[PDB]
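Quick notes on the structure that follows.
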Amino acid sequence: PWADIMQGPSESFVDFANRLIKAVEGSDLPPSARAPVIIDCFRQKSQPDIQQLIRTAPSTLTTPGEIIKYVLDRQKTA
Amino acid sequence: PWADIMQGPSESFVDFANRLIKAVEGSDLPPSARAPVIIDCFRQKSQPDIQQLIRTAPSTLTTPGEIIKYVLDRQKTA
Amino acid sequence: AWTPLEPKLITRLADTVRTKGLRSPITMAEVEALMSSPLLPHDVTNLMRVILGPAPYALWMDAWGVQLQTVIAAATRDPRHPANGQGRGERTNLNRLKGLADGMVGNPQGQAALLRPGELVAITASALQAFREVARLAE
Amino acid sequence: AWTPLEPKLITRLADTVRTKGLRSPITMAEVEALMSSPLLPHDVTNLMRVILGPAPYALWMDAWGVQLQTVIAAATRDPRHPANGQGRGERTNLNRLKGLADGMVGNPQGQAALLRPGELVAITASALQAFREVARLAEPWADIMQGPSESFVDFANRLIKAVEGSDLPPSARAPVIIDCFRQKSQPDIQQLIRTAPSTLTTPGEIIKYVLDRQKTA
Amino acid sequence: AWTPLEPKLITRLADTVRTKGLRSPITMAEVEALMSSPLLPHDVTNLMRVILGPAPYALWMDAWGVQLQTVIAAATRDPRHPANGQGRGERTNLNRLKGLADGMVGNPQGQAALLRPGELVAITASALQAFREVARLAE
Amino acid sequence: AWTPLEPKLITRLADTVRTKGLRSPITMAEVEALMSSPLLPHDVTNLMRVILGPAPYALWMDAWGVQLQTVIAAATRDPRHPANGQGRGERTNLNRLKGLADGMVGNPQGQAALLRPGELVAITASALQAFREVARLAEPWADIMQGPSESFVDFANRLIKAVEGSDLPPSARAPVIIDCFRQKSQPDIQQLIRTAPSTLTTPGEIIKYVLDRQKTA
Amino acid sequence: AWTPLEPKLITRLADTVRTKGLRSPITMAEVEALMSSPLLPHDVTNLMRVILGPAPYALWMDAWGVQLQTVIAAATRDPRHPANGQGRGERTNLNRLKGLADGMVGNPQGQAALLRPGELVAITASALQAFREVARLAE
Amino acid sequence: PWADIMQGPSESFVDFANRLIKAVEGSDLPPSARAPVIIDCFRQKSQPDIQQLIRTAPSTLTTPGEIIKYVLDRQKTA
Amino acid sequence: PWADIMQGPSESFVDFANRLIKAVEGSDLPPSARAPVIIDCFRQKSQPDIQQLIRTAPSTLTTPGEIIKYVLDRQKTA
Amino acid sequence: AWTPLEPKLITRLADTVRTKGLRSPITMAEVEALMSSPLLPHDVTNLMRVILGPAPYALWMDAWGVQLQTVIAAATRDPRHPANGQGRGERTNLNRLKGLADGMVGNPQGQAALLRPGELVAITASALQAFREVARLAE
């Protein structure tokens, strides 16, 4: 179930994005509703450090690929 | 007193902005000194998460309304 | 001749905004109700001053200015705007829309005198869209 | 006539990407191999759908779009693009490059019919550059030292890899590689490079000199 | 018309270079095999980019440039080079040999269009000699 | 008319070099101060004789000769040198630059008579560059990190100093300084530079941005 | 004829900047003192090179360029600039302001020859404003 | 006396070079005979470790400054 | 036999060069193969101090006389 | 007509070099004695082959070549060399100095035929200077 996917405290972001995109594209949603759902799940899941990282984006991110690129650039190396 | 207003740890930002604008406009300042004071109080009060959110603004915010809009857009949903 | 809105209706609308919030469908319906007749910039400005708090009022002033600027861009993109005229001497400046033009600053009677009905309806629609934006933004 | 790529080659390439990763030189060589003939947007799109995971695939779609947009800007900046024509009626829109134009959506045969060879090679080069970007993004030069027991060719390989796969401009890589050869590369090789009767002005020349005069041990 | 080399053959050759090394007679035989048809500068450049590591690739670029310069000196020493022509307008510059000339940078199709067969065989022999030098130098 | 430098200023500068060393920024600032007006070869030679010890003075004579030779090569490469003239009879020989020409050996008055202002400024710049070389030689950029307690302007000063006073080409200093700002400068400032809505393409712009948005503490 | 500033005054000013900082009113007064006579681009450039550290010097170069660009915009907005002339042949380019024009690069004598007094005072005021900006920014 | 100057067993090389250049330039030699004497004194004095370091110089050193630079580069840190 | 000639631990270099050139020129090699053999025997014989001295030659030595001159210049006086 | 040097004098000089060494003043005097008449390249070459060992002979060949090259540079710097002529057809190449030119290789008679007396004295002085260099270098 896509709506139950959370980014674990120790999980990296690319694994979380892979799992989420897999569960959203392999589901019962229409094809035209996958990108907005993936974006809004990146924003509300993806534990509050990345949540604030996406929130304070000086540019407007309108695609899952752009969000992934931005987060991978500005992520907290740890 | 406007210079004693802090954003509480649990208080939202719109309540803090309302309280601050109320106390600044209902005070003894000249009319031409309210906007700069409100801006500089948004920047130095408004606990360090929002302080850093305003500091790292790719655009220059030159009005309390613009600062409020920016912070409401990029705020950490919690 | 300018007639002010009832302070009783304004008080009821302010309490509605206070209890239900800015985004409830009942609040938007009430605003649409009090936004029925074309209002002068003075009326809408005082209405938003009374019903909205300080910070939402600042946000609303910003949004109203932006929407009025979009309207004026569309107006310079089409000389057949119901606010415009046929000649260049009737072109509508933002000072005339925001009520800042000559003979209008602080005077609602003169405002109602010089303003066009198309000007009034454009100002009103702009204010409604700005209210919607601020309501969607505040919460 | 459109001929699909072998699913056997695609399966082998997918397992290569799965074990070696996106950035290994063997993986890039394999991608260059399967990127030999000019592919139609359908082919490259399905290839990246199969070999890449979901998140790298999203990143790659983004990067491919950006590179194709740069290509279309260069195309409107020069009417002599091998994808363009002489008249204005042959100007190539991004719907035709991404395979979204009329008569192409979902149909590889019609795609192969209407597309130009210049269009195909431009799409292919764009996709290769996008793959390189995403590979560099999915997974520090100034922290690289030559270990006490490490040979010099391994150190040079590691350093050139980290310098070329970094955020430096292209015109700043050679001087940085040289000055890192001189200051890293433990003091025996440091003195070997310092006492060079000739002036070495290229990483290849420094590597050749050091390999010639190195202390066999 | 330009046809690329098979990535399967290139992968097999890369693994051969990886296990046997650069100097084994089997590796040189395999390189001679994949060096049979006259290759365009694009082909040889990408081939050496894939089969060789970074440092051997730098060494090979150096050696290839030196050998091509010797070829161009012999070409200016004899106007009957299979890469040259009879008039002075067909003299071959190093930008045309390394693929850096106009209409060739990054485009293998245009490369194959403007290049001569003598140019191709000279480039190929130069690249083979450079590979031999680098292989003798690396180990 | 030639006027000598004050022995009081020279004594103060000599004691500065004696206590602070050759490489301190205060010492280089003092040298730039006493290198303000264009000096005659006699002045610079005696100045370096007094402020520098014997071995640094030998090194400085060597470096000054090399830099003057580079200047004379550039002068024979361009007949429009402010030291040269239009005809061939005004070409400037190294005997005239080092003060060894006829009518100049040991005589500062005649020196000041025959020398050109362009000659003087070229000699002065050459001597300054030679002093910088010898100071860097008498007593590594890729090892510079911003300390946990160090401010950012101190780190930037140290890094720019070590990068500009090194063996890199002049055209490779700005990219290296930028990429060292990005990878050094402990992860708070690293993330501050990473999340820059604008693209920063100059060390000054990066410094300004970081100074604006830095965490006051 | 160009006369350099005393290295004694420059050393004293550098030590003042070193002990008091960039923003103290005594430091700004000292800078105003050494900014009394109109300086040539060479003078101000070397002065800021000596008194400022590397990073403040980079910031100051940036700010000086921006202020000079504002000056040149005002100059193209008014043909009566004391740096400009009446005809179009006296229009002042940024290469002439920053000392980069022909006959000026590295030569202070030629600089003093070709520059106008209005040019000098504009450059000086621009440099002073840039110093103020950088001082307000550094601390 | 310049011809009696030796580099002590514990003395550094820059001190020895300073002392030697001082004694050679402040002596009765002609000006055109100081550099060759300084070089040949660097080569024969300057205890046998530095003697062998100068002897095995792949380049030809023809100036006291160049010899000093070379020795300072390749000296045995101790 | 030329291929059995080694520079002894205590032997000087000119004696070794004399012995090697004697044995190479008084042998069964063609005249056009003596110089390369003498060079490659200087490089592989001539105990590792001189081997490294010849290896780290900033110039390319392409003649036995040039190698002998270089080694005699930069040899470790002992 | 070419006359060879006496093998008795050459044997005595070889034994002198063997007992006294290369650098003794008596040895240099003896060499100056046997270097009195201008010798052909054949004579000096065989003389140095006999009196010098293998390694000093290699060194001497090197030094002789270098000195002859300096002589040829001075010759191209002055068309009035006693080895040169007035026209360009008498310019002396190093093949003619080292005895490598056409009609001279291995034949001393033809050598003596085509060579100039200025050529002979220049070759002789060059060989003497080269001998001095090698003698100073060997010990």
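Convention: chains lettered A, B, ... in structure tokens order; per-chain residue numbering from 1; ligands numbered from 1 as shown.
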
### Message
Quick check: residues of chain D within 8 Å of chain I, only C-alpha atoms, returned as a list in words.
### Response
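On the chain D side, the interface is residues 192, 195, 196, 197, 198, 212, 213, 214 and 215 of chain D.
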
Export of prior selection with N, CA, C and O atoms as a tab-separated table (two decimals), in the first residue's frame:
```
chain	number	residue	atom	x	y	z
D	192	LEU	N	60.74	13.07	-6.78
D	192	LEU	CA	60.99	12.61	-8.14
D	192	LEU	C	60.40	13.57	-9.16
D	192	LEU	O	61.01	13.82	-10.21
D	195	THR	N	62.46	17.21	-8.96
D	195	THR	CA	63.74	17.21	-9.67
D	195	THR	C	63.59	16.69	-11.09
D	195	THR	O	64.32	15.79	-11.52
D	196	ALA	N	62.65	17.26	-11.84
D	196	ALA	CA	62.47	16.88	-13.23
D	196	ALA	C	63.23	17.86	-14.11
D	196	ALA	O	62.83	19.03	-14.19
D	197	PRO	N	64.31	17.44	-14.76
D	197	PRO	CA	65.06	18.37	-15.62
D	197	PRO	C	64.20	19.02	-16.69
D	197	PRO	O	64.49	20.15	-17.11
D	198	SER	N	63.15	18.35	-17.14
D	198	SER	CA	62.19	18.92	-18.07
D	198	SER	C	60.98	19.43	-17.30
D	198	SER	O	60.72	19.03	-16.16
D	212	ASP	N	58.70	5.83	-15.69
D	212	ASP	CA	60.06	5.55	-16.14
D	212	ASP	C	61.02	5.50	-14.96
D	212	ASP	O	61.73	4.51	-14.76
D	213	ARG	N	61.06	6.57	-14.15
D	213	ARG	CA	62.11	6.73	-13.15
D	213	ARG	C	61.69	6.26	-11.76
D	213	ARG	O	62.35	6.63	-10.78
D	214	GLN	N	60.64	5.46	-11.64
D	214	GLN	CA	60.18	5.08	-10.32
D	214	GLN	C	61.11	4.04	-9.69
D	214	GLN	O	61.75	3.24	-10.38
D	215	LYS	N	61.15	4.04	-8.36
D	215	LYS	CA	61.94	3.09	-7.59
D	215	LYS	C	61.32	1.69	-7.59
D	215	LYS	O	60.36	1.46	-6.86
```

### Message
as a PyMOL selection string, please: the residues near stretch 39-48 of chain F (cut-off 7 Å, only C-alpha atoms, same-chain neighbours under 2 positions excluded).
### Response
chain F and resi 37+50-52+57+98-99+108+112+120+124

Would you write out those residues with N, CA, C and O atoms, as a PDB file, in the first residue's frame?
```
ATOM      1  N   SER F  37      55.857  54.011  -4.195  1.00  0.00           N
ATOM      2  CA  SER F  37      56.417  54.811  -5.274  1.00  0.00           C
ATOM      3  C   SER F  37      57.400  53.972  -6.085  1.00  0.00           C
ATOM      4  O   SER F  37      58.083  53.107  -5.528  1.00  0.00           O
ATOM      5  N   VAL F  50      69.158  45.170   3.210  1.00  0.00           N
ATOM      6  CA  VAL F  50      69.033  45.498   4.628  1.00  0.00           C
ATOM      7  C   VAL F  50      67.997  44.616   5.318  1.00  0.00           C
ATOM      8  O   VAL F  50      68.243  44.109   6.418  1.00  0.00           O
ATOM      9  N   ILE F  51      66.835  44.408   4.700  1.00  0.00           N
ATOM     10  CA  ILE F  51      65.760  43.714   5.404  1.00  0.00           C
ATOM     11  C   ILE F  51      65.930  42.200   5.375  1.00  0.00           C
ATOM     12  O   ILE F  51      65.467  41.510   6.290  1.00  0.00           O
ATOM     13  N   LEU F  52      66.589  41.658   4.356  1.00  0.00           N
ATOM     14  CA  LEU F  52      66.750  40.222   4.210  1.00  0.00           C
ATOM     15  C   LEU F  52      68.126  39.781   4.690  1.00  0.00           C
ATOM     16  O   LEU F  52      69.108  40.514   4.576  1.00  0.00           O
ATOM     17  N   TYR F  57      68.680  36.852   0.679  1.00  0.00           N
ATOM     18  CA  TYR F  57      69.065  37.870  -0.289  1.00  0.00           C
ATOM     19  C   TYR F  57      69.611  37.241  -1.564  1.00  0.00           C
ATOM     20  O   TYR F  57      69.333  37.724  -2.666  1.00  0.00           O
ATOM     21  N   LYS F  98      68.613  45.984 -14.373  1.00  0.00           N
ATOM     22  CA  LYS F  98      69.324  45.682 -13.138  1.00  0.00           C
ATOM     23  C   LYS F  98      70.228  46.817 -12.682  1.00  0.00           C
ATOM     24  O   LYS F  98      70.918  46.666 -11.669  1.00  0.00           O
ATOM     25  N   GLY F  99      70.250  47.935 -13.402  1.00  0.00           N
ATOM     26  CA  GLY F  99      71.121  49.038 -13.042  1.00  0.00           C
ATOM     27  C   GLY F  99      72.569  48.843 -13.413  1.00  0.00           C
ATOM     28  O   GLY F  99      73.438  49.522 -12.858  1.00  0.00           O
ATOM     29  N   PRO F 108      73.043  56.432  -8.065  1.00  0.00           N
ATOM     30  CA  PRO F 108      71.578  56.516  -8.123  1.00  0.00           C
ATOM     31  C   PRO F 108      71.071  57.750  -8.845  1.00  0.00           C
ATOM     32  O   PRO F 108      69.974  57.712  -9.415  1.00  0.00           O
ATOM     33  N   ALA F 112      68.377  57.513 -11.815  1.00  0.00           N
ATOM     34  CA  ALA F 112      67.119  58.243 -11.911  1.00  0.00           C
ATOM     35  C   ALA F 112      67.051  59.111 -13.157  1.00  0.00           C
ATOM     36  O   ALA F 112      65.953  59.369 -13.660  1.00  0.00           O
ATOM     37  N   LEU F 120      60.746  51.834 -14.269  1.00  0.00           N
ATOM     38  CA  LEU F 120      60.712  51.798 -12.813  1.00  0.00           C
ATOM     39  C   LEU F 120      59.578  50.918 -12.309  1.00  0.00           C
ATOM     40  O   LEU F 120      59.774  50.099 -11.403  1.00  0.00           O
ATOM     41  N   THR F 124      59.854  47.432 -10.251  1.00  0.00           N
ATOM     42  CA  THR F 124      59.217  47.333  -8.943  1.00  0.00           C
ATOM     43  C   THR F 124      58.295  46.121  -8.861  1.00  0.00           C
ATOM     44  O   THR F 124      58.325  45.373  -7.875  1.00  0.00           O
TER      45      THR F 124
END
```

Select from chain G every residue with an atom at most 8 Å from any atom of chain F, then for each give the shortest pair of atoms and their distance in Å to one decimal, using only C-alpha atoms, rows by chain and rising number, as CSV.
```
residue,atom,partner,partner_atom,distance
G:3,CA,F:37,CA,7.8
G:4,CA,F:37,CA,5.6
G:5,CA,F:36,CA,7.2
G:6,CA,F:36,CA,7.3
G:7,CA,F:33,CA,4.1
G:8,CA,F:33,CA,7.0
G:10,CA,F:33,CA,6.2
G:11,CA,F:33,CA,6.1
G:14,CA,F:29,CA,7.9
G:50,CA,F:29,CA,5.4
G:51,CA,F:29,CA,7.4
G:53,CA,F:157,CA,6.7
G:54,CA,F:157,CA,5.5
G:55,CA,F:157,CA,5.6
G:58,CA,F:204,CA,4.9
G:59,CA,F:204,CA,4.9
G:62,CA,F:204,CA,6.7
G:107,CA,F:118,CA,7.2
G:137,CA,F:211,CA,6.9
G:138,CA,F:211,CA,6.7
```

### Task
Report the distance between atom CA of residue F:136 and atom CA of residue F:165 in Å, rounded to one decimal place.
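That distance, rounded to one decimal, is 7.0 Å.
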
Given identical sequences, can you show me chain A least-squares superposed on chain I via all its Cα atoms in order, as a short mmCIF file (atom, residue, chain, number, x, y, z; two decimals) with C-alpha atoms, in the first residue's frame?
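To be explicit, this is the file written out as superposed_32.cif:
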```
data_model
loop_
_atom_site.label_atom_id
_atom_site.label_comp_id
_atom_site.auth_asym_id
_atom_site.auth_seq_id
_atom_site.Cartn_x
_atom_site.Cartn_y
_atom_site.Cartn_z
CA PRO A 1 81.61 -12.85 -21.58
CA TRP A 2 79.92 -9.39 -21.67
CA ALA A 3 76.59 -10.59 -20.28
CA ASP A 4 78.29 -11.78 -17.06
CA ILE A 5 79.90 -8.44 -16.17
CA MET A 6 78.70 -6.78 -12.95
CA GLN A 7 79.97 -3.69 -11.17
CA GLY A 8 81.53 -4.91 -7.94
CA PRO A 9 80.43 -3.45 -4.61
CA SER A 10 83.78 -1.66 -4.18
CA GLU A 11 84.64 -1.05 -7.85
CA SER A 12 84.58 2.45 -9.29
CA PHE A 13 82.42 3.27 -12.30
CA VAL A 14 85.15 4.09 -14.81
CA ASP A 15 86.80 0.71 -14.24
CA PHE A 16 83.45 -1.03 -14.72
CA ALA A 17 82.78 0.97 -17.89
CA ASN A 18 86.26 0.16 -19.23
CA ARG A 19 85.84 -3.55 -18.57
CA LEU A 20 82.35 -3.64 -20.08
CA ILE A 21 83.23 -1.69 -23.22
CA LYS A 22 86.30 -3.88 -23.69
CA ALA A 23 84.32 -7.11 -23.40
CA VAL A 24 81.51 -5.85 -25.64
CA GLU A 25 83.73 -4.52 -28.43
CA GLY A 26 86.00 -7.56 -28.31
CA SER A 27 83.13 -9.99 -28.84
CA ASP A 28 81.07 -11.60 -31.61
CA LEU A 29 78.38 -8.91 -31.81
CA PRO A 30 77.80 -6.96 -35.03
CA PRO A 31 79.23 -3.43 -35.01
CA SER A 32 75.75 -1.89 -35.11
CA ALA A 33 74.67 -3.67 -31.91
CA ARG A 34 77.42 -2.59 -29.51
CA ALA A 35 76.15 0.82 -28.40
CA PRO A 36 72.59 -0.32 -27.47
CA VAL A 37 74.03 -3.31 -25.61
CA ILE A 38 76.52 -1.13 -23.74
CA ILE A 39 73.74 1.27 -22.75
CA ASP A 40 71.35 -1.45 -21.61
CA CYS A 41 74.18 -3.07 -19.65
CA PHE A 42 74.97 0.24 -17.96
CA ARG A 43 71.31 0.42 -16.98
CA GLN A 44 70.82 -3.12 -15.62
CA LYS A 45 74.29 -3.82 -14.22
CA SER A 46 76.07 -1.02 -12.32
CA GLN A 47 74.71 -1.63 -8.80
CA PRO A 48 71.38 -0.08 -7.84
CA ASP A 49 72.72 3.31 -6.72
CA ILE A 50 74.00 4.07 -10.21
CA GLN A 51 70.97 2.26 -11.63
CA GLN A 52 68.68 4.76 -9.91
CA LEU A 53 71.05 7.58 -10.85
CA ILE A 54 70.67 6.69 -14.53
CA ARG A 55 66.94 6.01 -14.21
CA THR A 56 66.18 9.46 -12.79
CA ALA A 57 67.92 11.30 -15.61
CA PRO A 58 65.86 14.39 -16.55
CA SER A 59 67.48 14.19 -19.99
CA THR A 60 67.44 11.18 -22.29
CA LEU A 61 70.90 9.61 -22.60
CA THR A 62 71.37 7.97 -25.99
CA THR A 63 75.11 7.23 -26.05
CA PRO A 64 77.57 5.45 -23.73
CA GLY A 65 79.74 8.56 -23.57
CA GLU A 66 76.84 10.73 -22.44
CA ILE A 67 75.85 8.20 -19.78
CA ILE A 68 79.44 8.06 -18.54
CA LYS A 69 79.66 11.86 -18.38
CA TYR A 70 76.34 12.16 -16.53
CA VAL A 71 77.26 9.48 -13.99
CA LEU A 72 80.70 10.97 -13.42
CA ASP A 73 79.11 14.37 -12.78
CA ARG A 74 76.39 13.27 -10.36
CA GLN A 75 78.12 10.32 -8.69
CA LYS A 76 78.20 9.91 -4.91
CA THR A 77 81.74 10.97 -3.90
CA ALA A 78 83.03 8.24 -1.59
#
```

### Message
What does the Cα RMSD come to when chain F is optimally superposed on chain D over every C-alpha atom in order?
### Response
1.4 Å

### Message
Contacts from chain D to chain F, 7 Å maximum, only C-alpha atoms: show me the residue list as a list in words.
### Response
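The answer, sorted by residue number, is residues 142, 168, 172, 175 and 179 of chain D.
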